[PDB]
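Content type mmCIF, C-alpha atoms and all ligand atoms, from the file data02.cif:
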```cif
data_data
loop_
_atom_site.label_atom_id
_atom_site.label_comp_id
_atom_site.auth_asym_id
_atom_site.auth_seq_id
_atom_site.Cartn_x
_atom_site.Cartn_y
_atom_site.Cartn_z
CA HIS E 5 0.00 0.00 0.00
CA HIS E 6 1.19 3.53 -0.86
CA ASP E 7 1.65 5.47 2.41
CA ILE E 8 1.11 9.19 1.77
CA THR E 9 2.56 10.05 5.19
CA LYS E 10 5.95 9.35 3.49
CA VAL E 11 5.45 12.27 1.05
CA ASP E 12 7.49 15.27 2.33
CA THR E 13 5.65 18.52 2.95
CA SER E 14 6.25 21.96 4.43
CA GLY E 15 2.51 22.82 4.15
CA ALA E 16 1.11 26.26 3.24
CA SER E 17 2.94 29.50 2.48
CA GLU E 18 2.27 32.77 4.29
CA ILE E 19 0.33 33.97 1.22
CA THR E 20 -1.94 30.92 1.47
CA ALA E 21 -2.53 30.89 5.27
CA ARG E 22 -4.61 35.64 4.00
CA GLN E 23 -7.15 32.86 3.19
CA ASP E 24 -8.72 31.80 6.48
CA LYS E 25 -6.85 34.66 8.14
CA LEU E 26 -4.47 32.33 9.97
CA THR E 27 -1.48 33.10 12.21
CA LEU E 28 -0.38 29.50 11.75
CA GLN E 29 2.46 28.63 9.39
CA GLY E 30 3.22 25.67 7.13
CA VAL E 31 1.72 22.28 7.92
CA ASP E 32 -0.36 23.69 10.81
CA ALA E 33 -1.99 26.09 8.37
CA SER E 34 -2.73 23.32 5.81
CA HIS E 35 -4.25 21.20 8.57
CA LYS E 36 -6.55 24.09 9.65
CA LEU E 37 -7.61 24.85 6.09
CA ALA E 38 -8.37 21.10 5.57
CA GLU E 39 -10.29 20.91 8.86
CA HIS E 40 -12.44 23.87 7.77
CA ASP E 41 -13.44 21.85 4.65
CA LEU E 42 -14.10 18.50 6.37
CA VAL E 43 -17.90 18.83 6.66
CA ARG E 44 -18.40 19.78 3.01
CA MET E 45 -15.86 17.13 1.90
CA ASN E 46 -17.88 14.36 3.68
CA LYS E 47 -20.80 14.96 1.28
CA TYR E 48 -18.48 13.70 -1.52
CA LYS E 49 -16.50 11.08 0.36
CA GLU E 50 -18.33 8.09 -1.20
CA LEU E 51 -17.57 9.45 -4.70
CA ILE E 52 -14.00 10.46 -3.82
CA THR E 53 -13.26 6.94 -2.51
CA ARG E 54 -14.73 5.20 -5.54
CA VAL E 55 -12.89 7.45 -8.03
CA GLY E 56 -9.62 6.97 -6.16
CA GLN E 57 -10.04 3.21 -6.29
CA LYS E 58 -10.92 3.10 -9.97
CA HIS E 59 -7.87 5.19 -10.94
CA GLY E 60 -5.49 3.78 -8.32
CA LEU E 61 -4.90 7.00 -6.41
CA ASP E 62 -5.31 7.56 -2.67
CA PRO E 63 -8.75 9.12 -1.94
CA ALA E 64 -7.06 11.39 0.64
CA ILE E 65 -5.01 13.04 -2.20
CA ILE E 66 -8.25 13.68 -4.18
CA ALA E 67 -9.65 15.30 -1.02
CA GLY E 68 -6.56 17.43 -0.59
CA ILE E 69 -6.89 18.63 -4.17
CA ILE E 70 -10.62 19.40 -3.72
CA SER E 71 -9.94 21.31 -0.46
CA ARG E 72 -7.17 23.36 -2.06
CA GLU E 73 -8.95 23.99 -5.39
CA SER E 74 -12.51 24.79 -4.24
CA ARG E 75 -12.66 24.50 -0.47
CA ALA E 76 -14.93 21.47 -1.18
CA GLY E 77 -17.30 23.81 -3.13
CA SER E 78 -17.43 26.80 -0.73
CA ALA E 79 -15.18 29.04 -2.89
CA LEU E 80 -17.02 28.43 -6.17
CA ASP E 81 -19.82 30.42 -7.83
CA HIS E 82 -22.26 27.75 -9.02
CA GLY E 83 -19.43 25.42 -9.88
CA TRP E 84 -16.99 28.04 -11.23
CA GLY E 85 -13.67 29.34 -9.82
CA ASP E 86 -10.40 30.97 -11.02
CA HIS E 87 -12.24 33.84 -12.83
CA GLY E 88 -14.30 31.19 -14.65
CA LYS E 89 -11.36 29.14 -15.95
CA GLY E 90 -11.91 26.33 -13.51
CA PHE E 91 -14.91 24.02 -13.24
CA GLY E 92 -15.98 21.80 -10.32
CA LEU E 93 -14.66 20.50 -6.99
CA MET E 94 -11.24 19.82 -8.60
CA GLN E 95 -11.22 22.94 -10.86
CA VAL E 96 -10.59 21.32 -14.22
CA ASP E 97 -9.37 24.04 -16.60
CA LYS E 98 -12.19 24.30 -19.15
CA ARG E 99 -9.87 25.99 -21.67
CA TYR E 100 -7.92 22.72 -22.09
CA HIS E 101 -10.46 19.92 -21.56
CA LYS E 102 -14.00 19.21 -22.65
CA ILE E 103 -15.76 19.34 -19.31
CA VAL E 104 -17.82 16.37 -18.24
CA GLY E 105 -20.35 16.00 -15.40
CA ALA E 106 -21.98 18.40 -12.94
CA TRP E 107 -19.67 20.49 -10.80
CA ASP E 108 -20.04 18.16 -7.77
CA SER E 109 -20.34 14.88 -9.74
CA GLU E 110 -18.50 11.54 -9.84
CA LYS E 111 -17.83 12.10 -13.56
CA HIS E 112 -16.20 15.45 -12.74
CA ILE E 113 -14.11 13.99 -9.88
CA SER E 114 -13.04 11.22 -12.30
CA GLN E 115 -12.02 13.80 -14.94
CA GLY E 116 -9.88 15.85 -12.48
CA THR E 117 -8.35 12.61 -11.14
CA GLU E 118 -7.49 11.36 -14.69
CA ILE E 119 -5.79 14.71 -15.45
CA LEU E 120 -3.76 14.45 -12.22
CA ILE E 121 -2.69 10.88 -13.09
CA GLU E 122 -1.48 12.05 -16.50
CA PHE E 123 0.66 14.75 -14.85
CA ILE E 124 2.08 12.12 -12.45
CA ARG E 125 2.91 9.99 -15.56
CA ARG E 126 4.79 12.90 -17.16
CA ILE E 127 6.77 13.53 -13.99
CA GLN E 128 7.62 9.80 -13.80
CA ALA E 129 9.00 9.95 -17.37
CA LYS E 130 10.81 13.26 -16.59
CA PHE E 131 12.42 12.10 -13.34
CA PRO E 132 12.60 8.30 -13.63
CA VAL E 133 15.03 8.03 -10.68
CA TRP E 134 12.82 9.96 -8.18
CA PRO E 135 11.04 7.80 -5.59
CA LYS E 136 7.37 7.21 -6.31
CA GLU E 137 6.35 9.56 -3.41
CA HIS E 138 8.31 12.39 -5.07
CA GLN E 139 6.89 11.78 -8.54
CA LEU E 140 3.40 11.89 -6.91
CA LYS E 141 4.21 15.26 -5.26
CA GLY E 142 5.65 16.51 -8.58
CA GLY E 143 2.50 15.46 -10.46
CA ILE E 144 0.45 17.43 -7.96
CA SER E 145 2.63 20.53 -8.51
CA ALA E 146 2.14 20.08 -12.28
CA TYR E 147 -1.63 19.95 -11.83
CA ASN E 148 -1.40 23.63 -10.82
CA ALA E 149 1.46 24.97 -12.91
CA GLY E 150 2.37 22.44 -15.62
CA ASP E 151 5.08 19.81 -15.80
CA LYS E 152 7.62 22.18 -17.43
CA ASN E 153 7.65 24.11 -14.16
CA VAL E 154 8.68 21.00 -12.20
CA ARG E 155 12.45 20.73 -12.07
CA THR E 156 14.42 20.45 -8.85
CA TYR E 157 12.38 18.30 -6.42
CA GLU E 158 13.08 20.81 -3.63
CA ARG E 159 11.78 23.78 -5.62
CA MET E 160 8.80 22.23 -7.45
CA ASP E 161 6.34 24.71 -5.86
CA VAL E 162 8.26 27.78 -6.97
CA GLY E 163 6.02 29.35 -9.63
CA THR E 164 2.83 27.59 -8.47
CA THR E 165 -0.15 29.50 -7.04
CA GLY E 166 0.77 30.55 -3.46
CA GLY E 167 4.33 29.20 -4.04
CA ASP E 168 3.16 26.12 -2.13
CA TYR E 169 0.69 24.14 -4.17
CA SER E 170 1.89 20.54 -3.80
CA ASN E 171 3.19 21.09 -0.24
CA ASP E 172 -0.20 22.45 0.84
CA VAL E 173 -2.13 19.72 -1.03
CA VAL E 174 0.01 16.92 0.43
CA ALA E 175 -0.29 18.28 4.00
CA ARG E 176 -4.10 18.61 3.65
CA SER E 177 -4.22 15.10 2.15
CA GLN E 178 -2.30 13.72 5.10
CA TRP E 179 -4.80 15.43 7.42
CA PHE E 180 -7.75 13.87 5.51
CA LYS E 181 -6.07 10.45 5.76
CA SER E 182 -6.00 10.96 9.56
CA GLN E 183 -9.75 11.67 9.34
CA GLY E 184 -10.45 8.34 7.57
CA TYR E 185 -10.03 9.16 3.84
CO CO X 1 -0.38 -3.04 -0.21
#
```

Take the structure from the file and write it as structure tokens.
Amino acid sequence: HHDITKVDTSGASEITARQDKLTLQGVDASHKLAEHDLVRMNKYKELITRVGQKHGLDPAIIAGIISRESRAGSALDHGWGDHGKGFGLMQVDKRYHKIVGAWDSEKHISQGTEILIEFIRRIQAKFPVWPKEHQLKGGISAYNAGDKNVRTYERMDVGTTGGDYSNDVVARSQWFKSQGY
């Protein structure tokens, strides 16, 4: 079994924390942001689990993505975020994909998940000697900012939204795993 606790994370940046108006830094901030989304996330947990299983990705990582992208729906306007570029719980960029499903649907969660997997694949080809946990983290960074932006493992969030995208996602994911995802 893949153990996401083994993925390294320094959690959220100062910029990100300015979101729920937090004095907390890093992993503490990611954990608080995640906690704030737990009730909304539970509405989708059955779908999140099933999609994760079908695609072979930890459901807790899907939850981390959904928390970061949409605050489990709270940050969207009728399904839309990112000035309209992003659709759904996982904020699939409509400009680059034909959107499928309702904004809170299994089909949507499956689409976002498939896109993430494809990024993880690209990072695996790019850095074939990185451990699997690192290629996972790198694929998550690429989900925000593209695989070209992912170079040094230690700097993969430089140039992502908040300067912390995969670190924040991973830390939130780890929190959701502790809450049974
Ligand atoms: Co196993």

Of the listed residues E:12, E:158, E:62, E:41, that which approaches residue 120 in chain E most closely, counting all atoms listed in the file: E:62

Spatial neighbours of residue 106 in chain E, max dist 10 Å, all atoms listed in the file, sep filter under 6 positions, as a list in words: residues 83, 91, 92, 93, 112 and 113 of chain E

Residue nearest ligand CO 1 (chain X) - candidates E:32, E:124, E:60, E:20, atoms counted: only C-alpha atoms and all ligand atoms: E:60

Expected answer as a PyMOL selection string: residues within 10 Å of ligand CO 1 (chain X), only C-alpha atoms and all ligand atoms: chain E and resi 5-7

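The smallest atom-to-atom distance between residue 159 in chain E and any of E:14, E:39, E:183, E:173, using all atoms listed in the file, is found for E:14.
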